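# Structural overview for review
Residue strings, one per chain:
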Amino acid sequence: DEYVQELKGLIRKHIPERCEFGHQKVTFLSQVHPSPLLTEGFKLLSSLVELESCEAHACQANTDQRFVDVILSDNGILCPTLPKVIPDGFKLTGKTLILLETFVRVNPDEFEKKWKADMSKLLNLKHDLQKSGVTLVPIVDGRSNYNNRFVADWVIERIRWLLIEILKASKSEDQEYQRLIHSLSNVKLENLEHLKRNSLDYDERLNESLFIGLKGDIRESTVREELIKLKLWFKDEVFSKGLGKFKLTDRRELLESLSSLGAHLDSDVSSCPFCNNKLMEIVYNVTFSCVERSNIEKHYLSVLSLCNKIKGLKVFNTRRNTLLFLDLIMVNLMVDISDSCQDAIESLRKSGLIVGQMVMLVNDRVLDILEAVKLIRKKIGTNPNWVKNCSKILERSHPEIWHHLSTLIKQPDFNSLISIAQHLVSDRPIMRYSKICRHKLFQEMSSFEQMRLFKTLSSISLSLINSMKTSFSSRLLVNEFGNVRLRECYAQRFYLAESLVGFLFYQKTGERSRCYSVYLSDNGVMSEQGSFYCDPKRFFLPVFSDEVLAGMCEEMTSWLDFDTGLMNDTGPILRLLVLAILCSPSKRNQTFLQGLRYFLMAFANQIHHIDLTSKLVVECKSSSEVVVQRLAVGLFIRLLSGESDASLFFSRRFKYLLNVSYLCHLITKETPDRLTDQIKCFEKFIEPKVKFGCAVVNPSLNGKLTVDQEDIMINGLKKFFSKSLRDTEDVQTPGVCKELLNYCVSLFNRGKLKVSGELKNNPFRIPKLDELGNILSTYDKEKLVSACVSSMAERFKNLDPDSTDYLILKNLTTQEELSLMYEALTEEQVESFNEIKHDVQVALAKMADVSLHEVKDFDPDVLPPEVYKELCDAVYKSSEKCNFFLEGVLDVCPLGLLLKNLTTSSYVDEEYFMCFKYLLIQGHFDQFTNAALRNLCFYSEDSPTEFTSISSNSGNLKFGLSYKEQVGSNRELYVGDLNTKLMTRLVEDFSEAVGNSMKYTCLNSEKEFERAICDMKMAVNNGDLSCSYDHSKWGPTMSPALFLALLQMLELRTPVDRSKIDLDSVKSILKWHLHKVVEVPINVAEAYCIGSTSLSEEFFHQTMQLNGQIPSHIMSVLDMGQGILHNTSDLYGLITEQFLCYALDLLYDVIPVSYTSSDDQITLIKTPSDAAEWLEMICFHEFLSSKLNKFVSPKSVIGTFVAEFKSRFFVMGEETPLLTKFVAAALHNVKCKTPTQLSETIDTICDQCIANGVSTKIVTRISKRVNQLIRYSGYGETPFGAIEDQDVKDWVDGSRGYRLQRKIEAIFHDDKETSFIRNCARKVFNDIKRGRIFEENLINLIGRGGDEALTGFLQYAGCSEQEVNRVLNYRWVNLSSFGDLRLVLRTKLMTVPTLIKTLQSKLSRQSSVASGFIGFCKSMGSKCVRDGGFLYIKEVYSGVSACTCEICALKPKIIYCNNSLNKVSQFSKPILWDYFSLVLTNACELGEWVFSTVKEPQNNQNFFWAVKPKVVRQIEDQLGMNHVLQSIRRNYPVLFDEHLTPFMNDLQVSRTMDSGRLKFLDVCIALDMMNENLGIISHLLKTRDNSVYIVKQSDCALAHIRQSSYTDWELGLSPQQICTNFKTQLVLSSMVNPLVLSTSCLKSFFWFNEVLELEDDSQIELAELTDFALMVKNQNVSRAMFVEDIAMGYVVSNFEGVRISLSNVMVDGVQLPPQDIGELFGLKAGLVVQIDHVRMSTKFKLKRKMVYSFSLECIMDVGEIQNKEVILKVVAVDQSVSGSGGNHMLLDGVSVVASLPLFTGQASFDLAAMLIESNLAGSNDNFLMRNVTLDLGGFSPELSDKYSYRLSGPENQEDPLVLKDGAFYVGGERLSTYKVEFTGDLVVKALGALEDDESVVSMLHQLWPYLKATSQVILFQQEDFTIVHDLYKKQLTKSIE
Ligand SMILES: [Mn+2]
Ligand SMILES: [Zn+2]
Ligand SMILES: [Zn+2]
């Protein structure tokens, strides 16, 4: 006993805190027996865990382990026959119970499983304990570790290790031991060999119905014969009879069909859009009434703002009296204004804000003054002390900040109010609920009323979204067929002119669709404009886009300027169509425009499907779609109709029609109704399965199927694989034939298709599912209410104020913070919050202690008001109640009486429904084996150890159904649990590895996508057959059984092992997926249960209670959830399309190439030897695809004029720009958290928009729009703000920093300060790069801030105090100076510089836009800006002094001076510092060409062309990772330790100086962290994403020419002088002694600046080759560098070949026995075609032009596949060069061996049984050569390009090049002398400092002999010669003579 005895002593360090601890310790220590030891230890550890865990929550440990019934029976509580459950911790108080069940699971999977299994068993008890008992709150304590608060967190793991060692030492079944060790480890993919895989007598029939026809060994020729016979049968049995699927166009018939389907003729609607649509009539009325025709108001608006602000404090705990105090204040101030200045109630009110007998009040409410004074008459006589209390309550316990000096305490004099009421007579609105046409004939109006129409529509949309902002917790004073006399309705205002305004009246609040009424007011006379009914959250697009739409339609119309007379008819039609589209948002319009797009696509080409016209019609309702459909059809006809002269310019027509059809992106996609969309999604999901007949009913969810379930499953599996190859009846039903599958498999296995199994890189390396879309699941509500009631019970150690509600606001997302956290909720969110509040309050009330609901759901919180009248509810709640209500409001709210307080607070208010609910809930109207007793404490019983063919002993792969929003129609969505998510992840990783091993598929490979793009473009330009095939129902039709059979039939051969990998685990996971369970949404279930003909509703009602229970779980055969098996489906489609293209190539002798995307494909067919003889081919292809599970949609098109792939249309010559799509994308998706991120998003969108040649005048309008949006929110304009205005075509070669710099430069007219700052930045750049002495000191100088850093940089460059006081005067207001703007926006429920966040995002791995922007504008009005505290934005902007000193007026509200911000100086930063930072950042980013000055320069709007960026980077262009990390670690150590690198295991490479001290990353990174709006480090680690820009020529000629000359003024070195001085130094250094011509004598010279001077277009004299080699960092030494005589060209081509040597040696046994060849030929004549190994040694004698020679031999090893009879089959090739040859020689050799008449081509192969006769020794022939030819891939082994002899060679390191007298000496022979000039001064400058005297002697004696080979007399014979005379060497100058 080693560890048995040590365990007793090691556990002695335990504290017996409770009695149970000691009581179990005395028994454990006094019992030494192996059989109970493990059990006792595990149970004592579990008791530790559970006791600590629950005692942390005010516990009472369950020591009896008794049931709930007995613990309820202890006190006096009746037994409702509750289900048996054993609780871990219980706490009973009054009539409330808290149950806590704790556990421990170290892995997230089993933890989530246990939590979701415990929450349900705790929740299913409340339904029985609440009906005739008490309430409860369930709590679940889940711990992912064995840690606690009793031990030092170091003994638990020791005890665990000792226990597992004792267990593995001795035991005492098979799986109970594997889970115990697994459930005590710490952390621990495929290869699940630990499983058992036991059979259950059911997988037998599965394998018998799945793998009977699968053989995968069919020959090649028999398939050819079968396809020939099938084609011959198809030609004369189904095609000659007229049962095809495609047909020719006959464009006239298509025009007639569109005119019949689109242009309605049997309709009663008129041909005028204004009198059909109500909104169009309204806007027409307003625009034709507007076009054809003072301290009082500001004081009123200020006091309106004050009262609206004070209303938000809710300091009165009541809504009625608050509004009464407010309108009292309002009427008192109104009568105080009307005391004098008689020209105020009529002049500054009628033209201001007042209407007939109505005044504006708080919360945008309009109230009648008669009703106002009448309600003021109340509260008097019965409560005369009201005004006094309300006046004395605003002084104490109040903010006490108010200007209500006299307008508050004044008693309202009623006589003056009556006089005012009699002044203006009642003219109240009518609120029209539920034939002559005079609408000016829009087609013939002026060019001014349409722009006014657009302006009015924009104003109306703004008014609508402003009505959307109305608060939710608002109730009118008095409540309310076809006409309602409005008196207390909500109203919004909008200004249109100088006097007339427009009023918008409505009665409801929230985000629902409402009915509105629009009125006008010219000079006080309130007229009537109309009424309508719409949804406010569907008009966000035109809020300010009144100029963008005008510009885009003007440009789209001018596109057709080729015929003067055609655009005049299409312009107004287009504008009216756009207008009608904006005024009527609907999905039907989007579907109609998509159908029109498909119609145009089919019209452009030559062949189209026969079922096309049935996919274009849509049922129109509300008579609003008729007009838009008629307009679209008329436009299409006007553009397409014509006999002969109808296609003068067809490209323009096609582009115009495409952009018109793409107008569907203007209408948003925000699910007009959620319940209907969910129902329709369920319909579309479950309809095909009911039609097929395999949808089973609720399974056991454990892996146990009944006999009928497995019977119907096998029946469906058989029906799936029961399709023949001849019957034409099954061409639209799912299923596949096994014969064609076996054919394709056997054809793919034997390397016949374009793909093979030669893959590399072996791939074997808490929400609820029943509710998706709900903001809060039941589990989260229950957890929140339990936590809150637990906190409130812990606090009571009574009385509780409303602060408990604050707790609800703290855990879901002090009156100010309460209001700030409460404003950020939506209508459904506030309803859920009220529900949670009600639950918490009733729970606390029960802790403190009509008959139609018992038979129905006994829940009182869900009783609907739609079953009872309102008069009964209003009269019953106001009855006699003595002990149910209490006197007073009782703000303190002690415990025990909260129920009465709630009833009284609800009764004093206006609403009585909550009063009735509280009244009802008050009236009490709701009344020793180790396998069974050891899996309840902490045993992970649900761990996977043994699985079956349908489950995994841990579930059945449950899923959840939902929808996803799209333009045309909603898409499906499946979300899974964690286990099935991991399984799908493994499957998709395996399949994506297999696909990445493939080539032709393009889904996660942009290279193949670009290849397909260029192939399609070339085919369209040449005129090949392009066929775009879209497939219908790809998701809901595929089945996992097809993939199972496919993977069973494949082999997946390894690259180098050829091992036939066993796909056992993959097939197991696929069998698991085949039996997945899809759970239906609960909303559809309730909608079909509560309760038009619907098939899925019929199935629901048929399966409701007939066969079983209500359907909640649906399993079937063919599901293939969309977005689950995407990669497997992609690979299957790829192989099927390869088989199909092979079949087509073999049958119709054409050349097909196919590209796939797992949903649609594109086939480019090159035909031999107009296109009317290919219908049989395409219909045969369609038939063959329908034989598989690849049904083609009628939207697929075949032609030769236009191609489509991934919504990218290519036509002859160019590409369609798709303007309107990008325009609508820019106008939409306004997601704003801060103005900076919105500016950046709009920047990216406008960049990618202008990339596709849109315009330069429209982007300016979008920038102005976003500027106005950020200004309207109350932020005010900032110098940076949104995208600059008045831009140019220089979005190319320009980033966000460049356009910010352009904006800042445009701020100043005559740039002298910014030019000086640019000069200082250029000086810093030169001194840091050329002078190159600056590092990490600028880091110390910049970290301070902006002011001192700028003057420090200036004094480093150079300045005086004048510059300090001059440049630093320009200031701008930065509101986010002491941090960021605090705000809580409309986020989902349940919840430091930015560079750190971007880096964290890089290392690591349903909401509307209108509501988001509304919440943004609302949250930008509270206390947001921070200091020291928080305050307002207008409070800061009100402190600026209007000095106006001729320097702060060049741009108001943008640039100020210093003394103008003396009141507020904390938010004041210089803009010139930001300009300096931006200039330096652009310099470190994209070159120094931005330091010069901007100069201005001195085309039919249709000349488009492509341009490329002209950027030049000096920042180490590669710039990968592990460089910014090192710079941060060096510069910011504390910032690198904290907030960075906890989630990193590769710190060693980032620490060992991986290319440390980058050129500029050191200083170009510190400006990014301090400035909050640069963002360059997050930009440098990103690609251009465009790489090309299509632009018009008209914008290229009007751009600014900003190209900088060299800052050194061309004065530095004149690189020609660099070259000549370097050559002079080299020649004079060589002419003192012989040196080798290696890199040792070229890099070792100072003037070798040739590696510098990035522009290397010109070399020195002759050394081009060695310079280009050094640019690649060559290690060469010397060779014959005589490129003057071309060694790469004019080379002998004496090429030949040799025999081969087969690997996998089997020939040595059959080589010698021939002594024959006959038996060998007979052996070569089961089939034994194995792999073939070819070995070749090709030796050539490549010569050169100069005197030289070279012998070069190449070894070629080819791994191919032996053929049956025809030629051969190839897999891979490899080459290895060798021999003696120069770089040019080997380059020529390797280029010609890859471009020779050899294997690539005719192969020039001479077999003749010759090389076989040499390998297989024999001297006989059998009169049969059977010549073969290779079809090699075309690999490119051209990666040496050096002097290297390619890793092998018998000759190395000879022929050294030396230099003695300026002449190349190869071995002693003179080649030539290159000319070098010195001009006299240079030679003496070199002679100055030398080694000794004899060196100078040698140099000057060898100089003139080299002068004989040169020509230089320019050496000045003057005083310089007298200086050279210092070296008295007359003999040297007199020896040459
Ligand atoms: Mn497509
Ligand atoms: Zn009309
Ligand atoms: Zn000023």
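Residues numbered from 1 in each chain as written, not as in the entry; some residues may be left out. Chains lettered and ligands numbered in written order. Part of a larger assembly, values for the part shown. Heavy atoms only, no water. Residues with missing side-chain atoms left out of burial classes, pairs and counts.

This deposited entry lists cryo-EM as its structure determination method and 4.1 Å as its resolution.

### Things to note about the sheet that holds strand β17 (residues 1151-1156)
Reading across the sheet, the six strands line up as β4-β11-β19-β14-β18-β17 and stay open at both edges, with antiparallel pairing between neighbours. Because the sheet does not close on itself, it has two edges, and the strands there are β4 (246-248) and β17. Taking the axes of each pair of neighbouring strands and ignoring which way they run, one obtains an average angle of 15° across the sheet. The pairing of strand β11 (residues 607-609) with strand β19 (residues 1197-1199) spans two bridges and is antiparallel. Looking at the pairing, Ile607 lines up with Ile1198 of β19. Across the face of the sheet, helix α42 (residues 1175-1187) comes into contact with β4, β11, β14 (1025-1030), β18 (1160-1166) and β19 while running at roughly 160° to β4. (Pairing = 2+ DSSP bridges. Helix = DSSP H or I, 4+ residues; strand = E, 2+ residues; numbered from the N terminus. Axes fitted to C-alpha atoms, helices over the stretch in contact; angles between N-to-C directions. Contact = heavy atoms within 4.5 Å.)

### Things to note about the nonpolar core
Grouped together as the largest cluster of nonpolar side chains are 137 residues, with contacts concentrated most on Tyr656, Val660 and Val1425. What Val1425 contacts, discounting residues up to four positions off in sequence, is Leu1375, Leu1381, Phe1430, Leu1431, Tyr1432, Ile1433 and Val1436. In this structure, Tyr743, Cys1027, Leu1044 and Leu1125 belong to the second largest nonpolar core, which totals 124 residues. (Core = buried A, V, L, I, M, F, W, Y, C linked by side-chain atoms within 4.5 Å. Buried < 20%, exposed > 50% of the residue type's maximum accessible area, 1.4 Å probe, protein only.)

### As for the UniProt feature "binding site: Mn(2+) 2" (unreviewed entry) in the chain
UniProt feature "binding site: Mn(2+) 2" (unreviewed entry): in the numbering of this structure it lies at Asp88, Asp1030 and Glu1204. Of note, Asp88 is situated in the loop between α4 (68-73) and β1 (89-93). Its relative accessible area of 22% is what places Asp88 among the partly exposed residues. If we ignore the near neighbours within four places in the chain, the residues touching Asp88 are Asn62, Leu100, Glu101 and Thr102. If you trace the backbone, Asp1030 turns up in strand β14. Judged by relative accessible area, which is 18%, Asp1030 ranks as buried. The contact partners of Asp1030, leaving out residues within four places of it in the chain, are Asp1160, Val1192, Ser1193, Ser1196 and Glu1204. (UniProt positions renumbered as here; feature names shortened; annotations may be inferred.)

### Considering the coordination of the zinc ion (ligand 2)
Around the zinc ion (ligand 2), the protein supplies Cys272 (SG), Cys275 (SG), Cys437 (SG) and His439 (ND1) as donor atoms, at distances of 2.1 to 2.4 Å. Classification of the site at the zinc ion (ligand 2) as tetrahedral follows from its four donor atoms and the range of 101 to 122° in their angles at the metal. A relative accessible area of 10% places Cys272 in the buried class. (Donors = N, O, S within 2.8 Å, 3.2 Å for Na, K, Ca; no water. Tetrahedral: all angles 85-135°; square planar, octahedral: opposite > 155°, others 65-115°.)

### A few points about the pattern of salt bridges
A full pass over the atoms with the stated rule returns 40 salt bridges. Of the charged contacts, one joins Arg638 and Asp569 as a salt bridge, the two residues approaching to 3.3 Å between their closest N and O atoms. Separated by 69 residues along the polypeptide, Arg638 in helix α22 (residues 625-640) and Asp569 in helix α20 (residues 567-582) bring together distant segments of the chain. With a relative accessible area of 39%, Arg638 lands in the partly exposed category. Here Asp569 falls in the partly exposed class, since its relative accessible area comes to 36%. Notably, a salt bridge pairs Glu1240 with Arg1296, separated by 2.9 Å at the nearest N-O pair. You can see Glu1240 sitting in helix α44 (residues 1235-1250) and its partner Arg1296 sitting in helix α46 (residues 1296-1307), a full 56 residues away along the chain. (Salt bridge = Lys/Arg side-chain N within 4 Å of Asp/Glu carboxyl O.)

### Some points on a positive patch on the surface
Side chains of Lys680, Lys684, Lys691 and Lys1033 sit close together on the surface and give a patch of like positive charge. Checked against the element boundaries, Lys1033 lands in the loop between β14 and α37 (1040-1049). (Patch = residues over 30% accessible without salt bridge, like charges linked within 9 Å, V, L, I, M, F, W, Y side chains within 5 Å. Areas by Shrake-Rupley, 256 points an atom, 1.4 Å probe, with all protein chains shown as cover. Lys, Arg positive; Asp, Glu negative; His and termini not counted. Charge placed at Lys NZ, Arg CZ, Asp CG, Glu CD.)

### Details of the pairing of strand β30 (residues 1751-1761)
The sheet contact formed by strand β29 (residues 1731-1740) and β30 spans ten bridges and is antiparallel. Along β30, the bridge assignment pairs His1733 with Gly1759. Bridge analysis of β30 against strand β31 (residues 1769-1780) gives eleven bridges, and the strand direction is antiparallel. Within the sheet, the bridge partner assigned to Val1758 lies in β31 and is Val1773.

### Side note on the sheet that holds strand β7 (residues 490-495)
Taken together, four strands build an open sheet; the order of strands is β7-β8-β9-β10 and the sheet is antiparallel. Each having just a single partner strand, β7 and β10 (526-534) make up the two edges of the open sheet. Averaged over all neighbouring strand pairs, the angle between strand axes comes to 25°, with direction disregarded. Here strand β9 (residues 514-521) runs beside β10; their pairing, made up of eight bridges, is antiparallel. Paired with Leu520 across the two strands is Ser527, which belongs to β10.

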